[PDB]
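Chains as they are written, first to last, in the entry's author numbering: chain r, 293 to 338; chain b, 2 to 205; chain c, 6 to 155; chain g, 6 to 155; chain k, 6 to 155; chain l, 6 to 155; chain m, 6 to 155; chain n, 6 to 155; chain s, 251 to 455.
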Amino acid sequence: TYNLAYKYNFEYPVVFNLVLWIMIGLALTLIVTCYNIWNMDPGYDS
Amino acid sequence: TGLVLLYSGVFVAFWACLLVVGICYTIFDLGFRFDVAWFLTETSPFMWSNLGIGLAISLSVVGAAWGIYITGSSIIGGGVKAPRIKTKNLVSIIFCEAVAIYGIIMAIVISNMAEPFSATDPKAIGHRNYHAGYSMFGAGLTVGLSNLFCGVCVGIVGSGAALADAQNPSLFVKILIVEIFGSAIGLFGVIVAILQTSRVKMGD
Amino acid sequence: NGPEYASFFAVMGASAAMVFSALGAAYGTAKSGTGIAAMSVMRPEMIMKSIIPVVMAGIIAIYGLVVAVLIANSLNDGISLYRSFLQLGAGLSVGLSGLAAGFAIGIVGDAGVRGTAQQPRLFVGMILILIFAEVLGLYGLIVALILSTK
Amino acid sequence: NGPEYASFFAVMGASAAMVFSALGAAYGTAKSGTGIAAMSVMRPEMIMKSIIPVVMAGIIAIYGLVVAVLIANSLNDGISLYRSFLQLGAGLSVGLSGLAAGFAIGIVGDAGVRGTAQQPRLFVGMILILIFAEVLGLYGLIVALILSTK
Amino acid sequence: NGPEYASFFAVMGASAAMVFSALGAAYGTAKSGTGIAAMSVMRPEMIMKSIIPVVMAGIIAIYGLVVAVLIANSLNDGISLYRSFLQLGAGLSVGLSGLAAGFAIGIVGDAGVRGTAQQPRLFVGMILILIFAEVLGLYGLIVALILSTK
Amino acid sequence: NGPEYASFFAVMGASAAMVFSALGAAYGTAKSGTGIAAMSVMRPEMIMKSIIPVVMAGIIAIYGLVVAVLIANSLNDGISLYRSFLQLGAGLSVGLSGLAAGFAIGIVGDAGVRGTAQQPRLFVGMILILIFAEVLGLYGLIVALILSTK
Amino acid sequence: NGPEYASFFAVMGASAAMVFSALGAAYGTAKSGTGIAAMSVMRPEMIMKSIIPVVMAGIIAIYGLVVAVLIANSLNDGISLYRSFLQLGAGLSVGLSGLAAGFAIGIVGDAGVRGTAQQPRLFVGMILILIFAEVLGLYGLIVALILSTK
Amino acid sequence: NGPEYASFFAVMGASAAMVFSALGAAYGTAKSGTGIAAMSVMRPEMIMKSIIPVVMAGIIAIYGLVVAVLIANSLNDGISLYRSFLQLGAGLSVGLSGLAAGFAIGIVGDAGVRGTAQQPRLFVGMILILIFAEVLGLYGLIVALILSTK
Amino acid sequence: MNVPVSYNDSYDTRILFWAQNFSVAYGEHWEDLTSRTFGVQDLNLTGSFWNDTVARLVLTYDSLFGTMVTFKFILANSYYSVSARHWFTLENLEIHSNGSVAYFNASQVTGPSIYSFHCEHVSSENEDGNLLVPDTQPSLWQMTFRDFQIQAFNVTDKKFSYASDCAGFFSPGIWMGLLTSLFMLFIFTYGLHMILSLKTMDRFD
Ligand SMILES: CCCCCCCC/C=C\CCCCCCCC(=O)O
Ligand SMILES: *[C@@H]1O[C@H](CO)[C@@H](O)[C@H](O)[C@H]1NC(C)=O
Ligand SMILES: *[C@@H]1O[C@H](CO)[C@@H](O)[C@H](O)[C@H]1NC(C)=O
Ligand SMILES: *[C@@H]1O[C@H](CO)[C@@H](O)[C@H](O)[C@H]1NC(C)=O
Ligand SMILES: *[C@@H]1O[C@H](CO)[C@@H](O)[C@H](O)[C@H]1NC(C)=O
Ligand SMILES: *[C@@H]1O[C@H](CO)[C@@H](O)[C@H](O)[C@H]1NC(C)=O
């Protein structure tokens, strides 16, 4: 009577997207900012 | 291109990972988990319908407003030296105002056929009722995007006819023939929009 | 009969036959009609003879309309899944090839009426290329009729 | 027999064989068609000899039209999954190789007819490169045919 | 026998061996084909001597052709998933290496033909570099062979 | 034995070891190949002297070939999942390192041969820098070999 | 013991430690290699002295090499999931730190040798900045070792 | 104890503490290092006094190194998921804030040493801005510390 | 604790079932029928039918809300033409009180026969997502599963096969809200992209 299944929790649709759309929503803010500051066009002659 | 590099990066990274997620559903056994049946059936026939009613009017007046400022900047631009343009060439504005009329007429047509029901099961909500959801969606796309594309079409030729009229007043009547062929694409969408929803009936 | 979700793909086949062929007909008339109003200032004689590239793009729209009426009338409640994929593959075959015939007419028809205003010998050559550009849409028509009518 | 959604891949073969050949042949007609108008203002003699890039690009469209008809006449309700991937793989094969041949004909057809206006000796070399760009669609045709008869 | 979805990856091996090699051969033909027209205005004698880089890109196309037929003749209904994966990796190994080899041919074929138009001593060195650009597809061919034999 | 999906990752190790190394070998030969043609007009004597970035870019191609043959010879039906994940990691460790090393040879091979037209003393220094760009592919070998013997 | 898919994460650390460090060592060699050729045309005396940024970029490559062998020596089937995650975190922390260090060596190594063509005093200043850019690859090593020992 | 996949987030905290911090220190070394070579052509006397933004940016990698060691010391098998998430937010708050601090020392260290050569009065003000530029990585330390004690 | 199994007279086993908690409620009182099921190791299961297309499980307890009350898990195993497979489905469920029948419906407890369904909450008392719905909404019988695993028609080696969970990366409601939001995020980033480029002039006259 072995081979009992893995116990995924019942709120798996919620928790999966609560991580996913936050993290790729936070990383998209992180790349857009880090880009804008990576090059920022200084006045470097003086 | 700076802002386009975002959309070019999102579109690549989204599909790219669809591909790896696509060759990992088949490769284990998990194609039964995909269920395009469960996607099209479980969700709602109100979501497809009320999006198509919303996309009918809104995407048509997107191209209607798009067609105005292409030639409306050409009216005031060429009209500074030649002010005789302004009354003769407003028919190009109306030819991208008819495409919003075709939108709002089809919008109140498609909105009248929506009717609430009580069933919640994909078998209780019959195939007469799910087809009612998809047909209002596809009618909204074929009258929304078609009036959008012909809205840009009569606006672009309307801008060129506004600039040839500044040079020579006898030209605008001949170039007006081209905008008739451009505005015929709008009527072609409304024909298919009322044929996709002629036989349909929503409700229970 | 067929399942409940079966009618979805036939509606998309009726839509994409008309949506994408509208985009072809829009570009084929806007990009070429830009060239008509441009050349008309220096040579108003061909202002009625060069309206034929914008009507070759007009037939691209009526290629998409015929298969739209075919699919929207053969559509019914409870069609099989086999019939709906045929009508979905019909509309993608005509609209997205009419999109190609719409781009090919617009780029050639814009360039053709510029060269015709500079030299009128090109007009016998311009309508020959517009024949080859339009039959791209005509091949998409006959594959849509051989797919939807099975 | 097989599953009901098996016919989805087969009509995706009949669709993508047509449009990707058509999108290639559109690029062959449009990009070379601008080359016709730019050269004909100075050299009006080479307009009927110089239309050969838009005709050789038209053979790409009939390469796709053959496979799209051959797949559509081989369609049946309840075809097996193995039969359906053959017509799907044949559709992408003649299409995307015809799409690539459609780009190559349009590029060397554009730059070729600009060169023949500047020197008529290039007209013998231009058809030589245009043949080599055209056989890429022919290589896709013979492997699409070897997949459809199976 | 194997699973039902197995033969999808094998015909994807047949398609990707063709369409990626044809995309490579199209780039080698087109990027070098503009170099022939730019050379021909001043030095028309080295026209037939300059068909070689579009010929060397043509061998890249038939490199993907022989393995596409080799996969398509080894196809069968219900092949094992181990066998079908072998042909999928055989297809990507010759096409994407042929796409890189076709990219390498077209770049040095463009500059080398333009470079030899000013000096004929480069022509012996240019065809030597094109040898190294071709064998990249030949290395991808022989691993596509030993993956298709198993 | 192992699972049915096991052979997929090892085969993708065999294909990525070739096409990524060939992509490096393409960019090593193409970016240095345009450097030879722009140099050779002024100094035609240093032709055979200047093929050595193109030949060392070809060593990156046979770098991927050795690992691809070694992976394809260990392939068997029903291997363990641990064995296939090694050959997948062995494929990326030589291909994406050869793509990096092939990118390194191309850039300094372009800049190096353009400078040797103006000064011959750079040639004994340019070959020293190409050696350091060559060991990056050689470092990709000894990790790919030590991942395949296990 | 651990699951069957546990070995996938550890071999990813074995590859990414070598792949990303090779990209850093390439950019340290390629971007600084253009600076040597632009400097060499005026100052042929500082050529054997100017190779000091491309040697330090080679030290970035052996930082990824020693951990790739050390992870591959620790590879075994039936390893725990805890042991595999450490070697994945060790491999990323030395390759992507070596890619960062190879970025810094490539930038200041290029601008340093362009500057020292106009002043020999910069050579002791440039080698000071290259040391500080070198320890970035070294700091990625000591976290890779402290993760792989446990 | 915790789940089997718990250790992945903590070792991600050990790697992101080093990867983003070394990348921040790389930009502070590279951008200010280009400023040194442009400065020293006109003013060679201040290069010992001018390599201070290269040194202040180097502590960013050392700030990331401390948290990378502190997280790797608390690592054991069967850590709780609460303890694993704390080390993940410890590494992200000291790595990415160090990447923010390395951006500030990179820009101000670049433009500040340009004005230091043309005027020595800026040296009191330049190092004063670099104080506020470095504390961004220092503020990321004490939040990485206070997350790691729990 | 082990599973209640139903082995056949032929040398192969048949349908088996497992839970953690098993509670049945009548009116207001909750009765934990989980020690009598899995730990007790002895059960009165009258008719364990099997025909290779239709199978049942009767579980009876003899010590419950008043009287002897039985629970009936009803499975089926059909061949679906669109999917070309065999999909098992818990058809409904039955509780039998004084004569009366409870009739709990269980859709979304389906599976593809080779594998086994497994869910976390198969409870009654409908809120949004509960798989068990009664035929009458003011029903008295309610039941609660804090774990769940049933395999039927394809059991091998007297143990469960792989799981076909109720886990659901997108269940329909999030998958409607995502398709609404990510559609009008295409509108918002379009309206923002036009606003981000309306740059001012350099000089005046
Ligand atoms: C949970 C939600 C997570 C996502 C939050 C989304 C909000 C992000 C807001 C935008 C930040 C963009 C900053 C870019 C600055 C632009 C530079 C400039 O304008 O000069
Ligand atoms: C469910 O059963 C557990 C024993 O496994 C018990 O502790 C718990 O109280 C029960 N819950 C209900 C609601 O009866
Ligand atoms: C088992 O339950 C049934 C209920 O229908 C009953 O008739 C039978 O007597 C019971 N058997 C035993 C041994 O209790
Ligand atoms: C198997 O039993 C079911 C139970 O009602 C019955 O309907 C079916 O006809 C039986 N099949 C055979 C082959 O006896
Ligand atoms: C069944 O009937 C007996 C006697 O009337 C009563 O005590 C018991 O509660 C009833 N059972 C249920 C579940 O109502
Ligand atoms: C609920 O179960 C009853 C039992 O006979 C059945 O008749 C009905 O069709 C089911 N309804 C749903 C929506 O499952």
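Cβ atoms here follow ideal geometry from the backbone N, Cα and C, with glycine treated the same way.
Taking 7 Å as the cut-off, is the CB of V308 (chain s) close to at least one heavy atom of ligand 4? no
What are the residues of the stretch 360-377 of chain s that lie near chain b, defined by any Cβ-Cβ distance shorter than 8 Å? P362
What does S85 (chain c) reach in chain g if we use C-beta pairs closer than 8 Å? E9 and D82
In angstroms with no decimal places, state the Cα-to-Cα distance between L86 (chain g) and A11 (chain g). 6 Å
Would you call the CB atoms of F25 (chain m) and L127 (chain m) closer than 8 Å? no
Given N376 (chain s), which residues of its chain have a CB within under 7 Å of its CB, disregarding the five upstream and five downstream residues? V383
Under the rule that 16 or more other beta-carbon atoms within 10 Å means buried, what is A35 (chain l), buried or exposed? buried
Where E139 (chain g) and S45 (chain k) are concerned, what is the direct C-alpha to C-alpha distance, given to the nearest angstrom? 22 Å
Can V16 (chain l) be considered in contact with ligand 4, in the sense that its beta carbon sits closer than 7 Å to one or more heavy atoms? no
With a 10 Å radius around its C-beta and 16 neighbouring C-beta atoms as the bar for buried, classify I76 (chain m) as buried or exposed. buried
Round the Cβ separation of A95 (chain n) and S153 (chain n) to the nearest angstrom and send it over; I've been treating them as touching at under 8 Å. 5 Å
For the stretch 18-36 of chain m, which residues have a beta carbon sitting closer than 7 Å to at least one beta carbon of chain l? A19, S20, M23, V24, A27, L28, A30, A31, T34 and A35
Nearest-angstrom Cα separation, counted from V71 (chain k) out to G114 (chain k): 25 Å
Run down chain c in chain order and give the residues with a C-beta less than 7 Å from the C-beta of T39 (chain g). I112 and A116
Buried or exposed, going by whether 16 or more other CB atoms sit within 10 Å of the CB of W280 (chain s)? exposed
What are the uninterrupted segments assigned as alpha helix (DSSP H) that are 4 or more residues long and contained completely in the stretch 23-100 of chain n, given in chain order? 57-78
Look up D415 (chain s) in the DSSP assignment and say whether it is helix, strand or coil. strand
Could you give the DSSP three-state label for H279 (chain s): helix, strand or coil? strand
Is it the case that the CB of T287 (chain s) approaches a heavy atom of ligand 3 more closely than 7 Å? no
Indicate whether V99 (chain n) and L146 (chain n) have their beta-carbon atoms separated by less than 8 Å. yes
Counting only the same chain and skipping the five closest in sequence on each side, list residues whose C-beta sits under 7 Å from that of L93 (chain c). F14, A15, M17 and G18
Pick helix, strand or coil for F272 (chain s), following the three-state DSSP scheme. strand
Using only the alpha-carbon positions, how far apart do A73 (chain m) and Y144 (chain n) sit? 34 Å
Work out the CA separation of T293 (chain r) and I400 (chain s) for me, nearest whole Å. 12 Å
Quick one: is the Cβ of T44 (chain b) within less than 7 Å of any heavy atom of ligand 7? This structure simply doesn't include ligand 7; it includes ligand 1, ligand 2, ligand 3, ligand 4, ligand 5 and ligand 6 instead.
Round the Cβ separation of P8 (chain g) and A334 (chain s) to the nearest angstrom and send it over; I've been treating them as touching at under 8 Å. 3 Å
Suppose the cutoff is 7 Å on Cβ atoms and the five residues either side in sequence are ignored; what does the same chain contact list for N348 (chain s) look like? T317
So the candidates are m:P49, m:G29, m:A43 and m:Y32; which of them puts its Cα closest to the Cα of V129 (chain l)? m:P49
Please determine whether the Cβ atom of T303 (chain s) lies at a distance below 7 Å from any heavy atom of ligand 3. no
Is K124 (chain b) buried or exposed, if buried means 16 or more other CB atoms sit within 10 Å of its CB? exposed
Using a 10 Å radius around the Cβ and a threshold of 16 neighbouring Cβ atoms, would you call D166 (chain b) buried or exposed? buried
Given this structure, state the Cα-to-Cα distance separating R34 (chain b) from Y26 (chain b), to the nearest angstrom. 8 Å
Indicate, with yes or no, if ligand 3 has a heavy atom lying under 7 Å from the CB of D312 (chain s). yes
Looking at the unbroken beta strand (DSSP E) that takes in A305 (chain s), where does it start and where does it end? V304 to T310
Please tell me whether, using a cut-off of 7 Å, the distance from the CB of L318 (chain r) to the nearest non-hydrogen atom of ligand 1 is below it. yes
Any heavy atom of ligand 6 closer than 7 Å to the CB of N342 (chain s)? yes
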